[PDB]
């Protein structure tokens, strides 16, 4: 069984476990043993959960950020059902009460023994919440559908649980010996080396003398640094760049001066370098795994005596307000001087005080750490700032996690992408963040699902494959059952790749209808029917992809030839008619980030009572330039509608009326009014979202509209002004908002109000977007690489301004967009 499980993990994670063994690396070995123990202990806990707690683990509630309604309810075993009129304000318990009373009459004769499953989904309705607080009920109310629910007894829930079981003394100047290298170039070679603590240099950079490009180079020289050995902070990073000159970058490499057990490194090291794009302090501190091909630098660290970093107890032994809302040297001195008062009276200003301490002085670090150990916990917002690479110290990192422990699962989910990216800044394998993420993941299966996919989707990236593979292994140790569920998803993804490759080849030699039929024959093979059917959606575990609907599957006969894959489920009814788009060829990371930021905007708006009728469709990278996008049914591109085809319900005398005609055709009579409203609200949301994020090149073929009237965007390729992008008002959109009238200032200005409201709400959470984007710099997205990218967001949110000035500014941009509008 252990052999089987080991082979299943290897397959699932995309790395053979033997590859970890082969490294013969103590840090790896220790990570694996400790984290396996941690995760297996979490699994033990989980298997004795009460039935309500089990639901909370496996089916966490989907909640929104008087009035009558019809609900259909059945019991688990029978096809018979009852349709009830209840209120939007009624609790699930009241509904379960009517259900059980109805069963007792028909069956000839305790609500608390049950939970309500959404038919054909892994989603449950339970808890003390009015029906309209549940995302599912909320959803039905807007679309018009009747909720379909299933009474599931506690014994059935426990059955699911059960089936799913498993020093201060060293004053000499720091120095190294640069021995030799082995590289490839055209000129002379130089080695630059700097000592870093996060972004900050701990002293000046020091260089080699110029040696000819032939080699196989040899230096054999001591490089001495302007910093005493006792002063080196715990997280000291030593960074190298090898380059050529008559500037031609060649390679770089970083390492920690202390190992994972706090011991100062000695003596010789061989540094397998990473190829270059000079110094890259934020780069990984682990060597290039391609030892066959990588240029290599051998260095020597001298035997200073074995010395370890001092223990905490030994460390513990050893105009203010006007600025405190970049600073001058004298301002820095004041902050440091008043550090006790910072702690006592401005605990939320911790980050500012950290950035003024001299991390290149051990006495000063000791004094900072003493305060930190008594520092009150900070809000979540503040803790996210502390995760930035600017705060490399391990005690600071540990403090950050401690303040982040109060994250709700929903908040954690919202920030998961960024917390995963921050792993790329970690100096060691065993760290507080990994342990935090693993514990949260093991306590909430939705968190576990997305953590898995965020890690799995980067396994083709050498710099993270080891770290991410190890985390995924540990996760599997803590849920054997979820491993098998994830393997089923991976198998479907493997088949989709093979199917897409086939389509790419076939469409080059034949017509689309011919390739489409061939696609269908391929899918109808037993191996494909089996692999593609009956899985949890990678885009949403709550969504069940039962039988694949081959007849309705197709592909886009352009660009990367993405696949359109439809599903149906008898048990889910209408809500089981769902699709996924599989794309191979494009890197989906920036799309996912853009969509997640838009979904965050939607949450913040809803928290202030503004529902802009957004369409946060799923987007998930799964592999190398591979991922999935959630199908939005009953939608079309604006461009297709504007084709203004004849013999259609939307056929228009003037092209400007095509879109309104289409919306009329989908929403006859009194329904037109609501559709125009959904269009106006969503238009405002996306107009504000794309403006703030700096997303240009919006055109008719990358905007879609739903039959409800809701607009949404696709094919984000560019953001943060990498194409200062203007606010955008399209005339055809204004025309719909104005109900087809040439002048309708009443409607148009309501729309302006929505835009301004949306914008002012985002400004109030501006620091959240800035902290999240800062963390995202870890991802290495080329459009999010430097300060100039972050500065775009600062300028778009106008955070240096009063709300009055910002709104004035926004108004000028909005007014400029309206004029531009024909």
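Here the rigid core means the biggest group of C-alpha atoms that line up within 1.5 Å when the two forms are laid on top of each other. Numbering follows the first chain given and starts at 1.
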* With the rigid core held as the alignment frame, decide whether 556-564 or 631-639 lies farther from the shown form in 9 other deposited structures of this protein, in terms of RMS C-alpha distance. => 556-564
* To do: Name the stretch, 207-215 or 606-614, whose C-alpha atoms sit farther from the shown form on average in 9 other deposited structures of this protein, taking the rigid core as the superposition reference.
  => 207-215
* Residues with no coordinates between residue 246 and residue 247, taken from the deposited sequence as a class -> 10 or more
* Asked: Taking residue 186 and residue 187 as adjacent modelled residues, how many residues of the deposited sequence between them have no coordinates (none, 1 to 3, 4 to 9, 10 or more)?
  -> 1 to 3
* Asked: Do the CA atoms of 335-343 or those of 203-211 have the higher mean B-factor in the entry?
  -> 335-343
* Would you mind comparing 605-613 and 248-256 for me and telling me which has the higher average C-alpha temperature factor in the entry? => 605-613
* Structure fact -> Comparing C-alpha B-factors across 784, 63, 755, 761 in this entry, the winner is 784
* Structure fact -> Comparing C-alpha B-factors across 390, 710, 584, 622 in this entry, the winner is 390
* Structure fact -> The third of the chain into which the C-alpha temperature factor of residue 33 falls is the lowest
* Asked: Where does residue 559 sit by CA temperature factor within its chain: lowest, middle or highest third?
  -> highest
* To do: Divide the modelled residues of the chain into thirds by Cα B-factor and specify which third, lowest, middle or highest, holds residue 677.
  => lowest
* Asked: When the modelled residues of the chain are sorted by Cα temperature factor, does residue 794 land in the lowest, middle or highest third?
  -> highest
* To do: Give the position of residue 152 by CA B-factor within its chain, expressed as the lowest, middle or highest third.
  => middle
